[PDB]
């Protein structure tokens, strides 16, 4: 019945207002492969709003691997990994990932999102604590909310606040610190040396979410622990396959005993169907290419360094990024919606960040690089961005 339900949703008017003003640009229907140009409403649009950092969703070898796995294994496994949903190729990908990030063992999940729900829900329990950077991904706050532990946020990369909040807790309790490796909003890197120093002092477990780090930082893209040389101070490396790895799903890697506990206790792996064969095979073939072909990571960073330099030279106000995410400040929700739509209509795709996710005065567009971007594409997008910022009086 819908009386109270209708009242619950009644005050959500922003989408109605965006659509009526001709500003709405969510769920834009793409007609073509995710690439540096995408087709929307039959017209070409430059894509600077993607997480495919190495451009690999169009790699014909990765497409063929997926198509061959469909031929051999069909369209789905129709069960949890736990029961009838494990293939030899899931185990192969777990062994490959473990080697890549330098851990004993891994367990796959069918999404990145569920890869955080798993360890955050089932390791810390009653009388235990989870310590979260206040900017952690939504999936980390949700995972932590599914635990029976007490969840404590600390100031963004604030090691004094992390240390202070740990020092307050009972000794006879378990603690886990979970952080994004690269934080996607501003593109900044966790202070992993100080966080792990503090974790070592308080015997707290450390988990790093490397969604935006894999294929981006660390040796051959192996992530944030790899970037800092701190493999031995990180208990759990979590990653996703939806970004550099051009696919769908994720994993948690760590010590064999911890991963054995996880794979038999995490509701998001016991009670959800396993990755499709096609996604296993695309992830396996992408992981080979990231390691075998250093040019992908090199070109990503040459694009990043070029675009960042060009944006700062044209006088854009950038966030404190250390990554291929170039956050461009606008500091008005209205102007952020206007700039986003005007760029869309001029053939540039960027992502808006607005209230209530950030303060009005911190509203921004996110401009992300792919290895497959050309300097010509970057220049065309920045040319169009300068024009639209002028038109919008930012």
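Positions refer to the first chain, counted from 1.
Participant: Averaging CA B factors per stretch from the PDB record, which one is higher: 193-201 or 115-123?
Facilitator: In the deposited entry, the stretch with the higher C-alpha B-factor mean is 193-201.
Participant: Could you settle it for me: does 242-250 or 170-178 have the higher average Cα B factor in the PDB entry?
Facilitator: Going by the record's values, the stretch with the higher mean is 170-178.
Participant: Going by the deposited entry, which of 310, 226, 303, 265 has the highest CA temperature factor?
Facilitator: Of the candidates given, the C-alpha B-factor peaks at 310.
Participant: Among the choices 325, 70, 47, 330, identify the one whose CA B-factor in the record is greatest.
Facilitator: Reading the PDB entry, the winner on C-alpha B-factor is 330.
Participant: Lowest, middle or highest third: where is residue 143 by Cα B-factor in its chain?
Facilitator: Within its chain, residue 143 is a lowest-third residue by C-alpha B-factor, going by the deposited values.
Participant: Taking the values exactly as deposited, rank residue 350 by C-alpha B-factor within its chain and report the matching third: lowest, middle or highest.
Facilitator: For residue 350, the deposited C-alpha B-factor lands in the lowest third.
Participant: Of the three thirds of its chain by CA temperature factor, lowest, middle or highest, which one includes residue 274?
Facilitator: Ranked within chain, residue 274 CA B lands in the lowest tercile.
Participant: Which third, lowest, middle or highest, does the C-alpha temperature factor of residue 292 belong to within its own chain?
Facilitator: It belongs to the highest third of the chain when residues are ordered by C-alpha B-factor.
Participant: Mind checking which third residue 81 falls in for C-alpha B-factor across the chain?
Facilitator: Within its chain, residue 81 is a lowest-third residue by C-alpha B-factor, going by the deposited values.
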